[PDB]
Amino acid sequence: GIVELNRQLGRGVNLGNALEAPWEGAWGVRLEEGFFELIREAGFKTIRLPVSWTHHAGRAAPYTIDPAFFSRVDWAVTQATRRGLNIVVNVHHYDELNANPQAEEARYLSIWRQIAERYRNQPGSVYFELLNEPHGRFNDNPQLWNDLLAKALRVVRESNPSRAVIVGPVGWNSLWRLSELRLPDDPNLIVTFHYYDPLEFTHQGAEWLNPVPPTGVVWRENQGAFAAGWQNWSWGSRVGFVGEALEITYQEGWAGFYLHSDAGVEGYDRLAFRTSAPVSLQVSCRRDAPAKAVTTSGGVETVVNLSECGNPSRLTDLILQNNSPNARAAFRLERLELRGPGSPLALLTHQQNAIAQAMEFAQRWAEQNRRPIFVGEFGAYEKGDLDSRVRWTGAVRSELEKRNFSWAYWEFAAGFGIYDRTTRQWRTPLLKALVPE
Ligand SMILES: OC[C@H]1O[C@@H](O)[C@H](O)[C@@H](O)[C@@H]1O
């Protein structure tokens, strides 16, 4: 059973900044035989092996992969199997494929044919991952990635008829894109996504972004936040999480509190909200649609049916607009949630329940499509304070294992690593946030 394989994945870690670089050690990490034993001792069961093959394969057909690089990957797989561990071999970075899928398709398929035919006789502890974090042109048209992964799975199944293949959506394997993912009817598929929300914390001070985001961002389970997948598009207003509620200062006429979700939600019929003071508002759940005028009163809930403010089939935009030509004094939005025949959705929450909501969306998609879930990457950069990193990592791990998700932390050493190669010591708070045995 594919579910049994995905459960045998369990807990794992990434050997990052290694083989996914232009060459091994180019990004700081060279693979050593002792890392596998350390990972086996720490309590993990799986090792995800980021490998970028585009640097070690011919540019012209038949696009042969360099045999020495193949020997390196064979050494990695053998060290993983010798220590009772699973190993996920993937196609990681591939800028030529993401920038031009049509032209690079033949080379990608030949690379995957070589990889599959080489490891066709490996036991069930060896997993395949077609493409890590598809982006670029795959974001422009996820059907390109759907067709390409269909072709790649065809190629793989030509020699591996029942090996677990790990497939993910576009948008850098964002779960908020699972809705656009289309898989064939193959029984042995494992859906994957990478969780790095919020990006303001997990990637703070990441020198490879442009803009490199500010540093010193704190993360706590009580730190106020919006619902997962909802961005703040408010215009002309000071919107800020002060305490457990949300302070809103309408700074000009017809300014509005705006929450946008690229993914969207379905199955909700009315929106409920409560403010600290009486405010006049225009409520809009559909942009370019008739908003509804509602007058508030302090400490008093207000529920407006979505049918009377836009009536959207898929709720993507939500606007509480200052129904006034002038500015207004600051107030506190203390509640904001959507309700329907099923469970509600708290749009105001903390980072903890935001992680919870993200995992709930992922689990709903997984159950409706009947696919096991393996979170391939999650972690916080070292530029954040260690306490916040430990709290975030523990929260994500707990909410992943609540949803029966197999996961692979990012990463083992260096940047997001849990092992300090300099001191030869485990970063114990992070390790216990991962494995509290
Ligand atoms: O140098 C560190 C490297 O980290 C990786 O995770 C990024 O994808 C690269 O863009 C970067 O160069």
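Residues numbered from 1 in each chain as written, not as in the entry; some residues may be left out. Heavy atoms only, no water.

## Describing helix α7 (residues 142–157)
And then number 1: Over its 16 residues, α7 extends 22 Å from the first C-alpha to the last, a length consistent with the 22 Å expected when each residue adds 1.5 Å.
And then number 2: Listed in full, the buried residues belonging to α7 are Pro142, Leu144, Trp145, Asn146, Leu148, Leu149, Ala152, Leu153, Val155, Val156 and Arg157. (Helix = DSSP H or I, 4+ residues; strand = E, 2+ residues; numbered from the N terminus. Expected span 1.5 Å × (residues − 1). Buried < 20%, exposed > 50% of the residue type's maximum accessible area, 1.4 Å probe, protein only.)

## Things to note about the domain arrangement of the chain
And then number 1: Under the domain assignment used here, the chain contains domain 1 (2–216 + 352–434) and domain 2 (231–346).
And then number 2: Spacing between the C-alpha centres of domain 1 and domain 2 amounts to 38 Å.
And then number 3: Counting residues at the interface gives four residues for domain 1 and four residues for domain 2.
And then number 4: Carbon and sulfur atoms supply 55% of the area that domain 1 and domain 2 bury against each other, a total of about 340 Å² over both sides.
And then number 5: Interface area lost by domain 1 to domain 2 is led by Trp176, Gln357 and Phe361, which between them contribute 75%.
And then number 6: Summed over the shared surface of domain 1 and domain 2, the number is zero salt bridges.
And then number 7: When its residues are assigned to classes, the side of domain 1 that touches domain 2 shows two nonpolar, two polar and no charged. (Domains from an automatic or database assignment. Contact = heavy atoms within 4.5 Å. Buried area = accessible area lost by both parts, 1.4 Å probe. Salt bridge = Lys/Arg side-chain N within 4 Å of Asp/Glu carboxyl O. Nonpolar A, V, L, I, M, F, W, Y, C, P; charged D, E, K, R; others polar.)

## Thoughts on the packing of aromatic side chains
And then number 1: One pass over the structure, following the stated rule, counts 28 aromatic pairs.
And then number 2: With 6.5 Å between their ring centres and 35 degrees between their planes, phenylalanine 201 and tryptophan 219 make a pair best called tilted. Here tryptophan 219 lies in the loop between α9 (199–202) and β7 (224–226) and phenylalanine 201 lies in helix α9, a separation of 18 residues in the sequence.
And then number 3: A residue is classified by how much of its surface remains accessible, and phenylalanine 201, at 1% relative accessible area, is buried.
And then number 4: Consider the rings of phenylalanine 378 and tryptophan 392, whose centres lie 6.3 Å apart with planes at 40 degrees: the pair is tilted. With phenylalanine 378 in strand β20 (residues 373–378) and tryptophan 392 in helix α11 (residues 386–402), this pair connects stretches of sequence that are 14 residues apart. One exposure class covers both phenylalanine 378 and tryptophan 392, and it is buried.
And then number 5: Through pairs of rings, three or more aromatic residues link up here, namely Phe44, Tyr195, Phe378, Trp392, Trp407 and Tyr409.
And then number 6: The ring of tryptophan 75 has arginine 72 lying over it, and the distance from NZ or CZ to the ring centre is 4.1 Å.
And then number 7: Sitting over the ring of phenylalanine 128, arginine 163 keeps its end group 5.2 Å from the ring centre. (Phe/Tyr/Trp six-rings, centres within 6.5 Å; stacked < 30°, edge-to-face > 60°. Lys NZ or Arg CZ within 6 Å of the ring centre and 35° of its normal.)

## Observations regarding the pairing of strand β11 (residues 256–265)
And then number 1: Burial within β11 is extensive, with nine of its ten residues counted as buried.
And then number 2: Where strand β8 (residues 231–232) lies against β11, two bridges are found, and the strand directions are antiparallel. Note on β11: the bridge partner recorded for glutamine 231 is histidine 260.
And then number 3: By the bridge criterion, six bridges tie β11 to strand β16 (residues 315–322) in an arrangement that is antiparallel. Counterpart to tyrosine 258 in the pairing with β16 is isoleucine 319. (Pairing = 2+ DSSP bridges.)

## A short note on a nonpolar patch on the surface
And then number 1: Taken together, the side chains of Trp208, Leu209 and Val212 define a hydrophobic patch exposed on the protein surface, amounting to about 280 Å² of accessible area.
And then number 2: Here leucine 209 is to be found in the loop between α9 and β7. (Patch = residues over 30% accessible without salt bridge, like charges linked within 9 Å, V, L, I, M, F, W, Y side chains within 5 Å. Areas by Shrake-Rupley, 256 points an atom, 1.4 Å probe, with all protein chains shown as cover.)

## So, the sheet that holds strand β1 (residues 11–14)
And then number 1: One closed barrel accounts for eight strands, arranged β1-β2-β3-β4-β5-β6-β20-β21; its pairing is parallel. Pairs of neighbouring strands in the sheet enclose a mean axial angle of 30 degrees, with direction left out of account.
And then number 2: Direction of pairing for strand β3 (residues 86–90) relative to strand β4 (residues 126–129): parallel, over a ladder of four bridges. When the bridges of β4 are listed, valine 88 appears paired with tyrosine 127.
And then number 3: Helix α3 (residues 67–82) rests against β2 (46–49), β3 and β4 of the sheet, and its axis sits at about 155 degrees to β3. (Axes fitted to C-alpha atoms, helices over the stretch in contact; angles between N-to-C directions.)

## Considerations on the packing of helix α10 (residues 351–369) against α11
And then number 1: Interaxial distance between α10 and α11 falls to 10 Å at its minimum, and their mutual angle equals 35 degrees. For the crossing formed where α10 meets α11, the hand is right-handed. Residues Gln352, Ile355, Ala356 and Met359 of α10 pack against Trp392, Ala395, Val396, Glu399 and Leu400 of α11.
And then number 2: Tallied by class, residues from the contact of α10 with α11 come to seven nonpolar, one polar and one charged. (Left-handed = near helix turned anticlockwise from the far one by under 90°.)

## So, the sheet that holds β11
And then number 1: Here we have five strands laid out as an open sheet, ordered β8-β11-β16-β13-β14, and antiparallel in their pairing. Lying at the two open borders of the sheet, with one neighbouring strand each, are β8 and β14 (292–295).

## Structural notes on the environment of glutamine 79
And then number 1: Considering the arrangement of structural elements, one finds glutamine 79 in helix α3.
And then number 2: Along the sequence, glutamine 79 and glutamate 200 sit 121 residues apart, while their C-alpha atoms lie 37 Å from each other.
And then number 3: One polar contact links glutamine 79 to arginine 83, side chain to side chain, over a distance of 2.6 Å. (Polar contact = N/O pair within 3.5 Å; in protein donor to acceptor, adjacent residues only side chain to side chain.)

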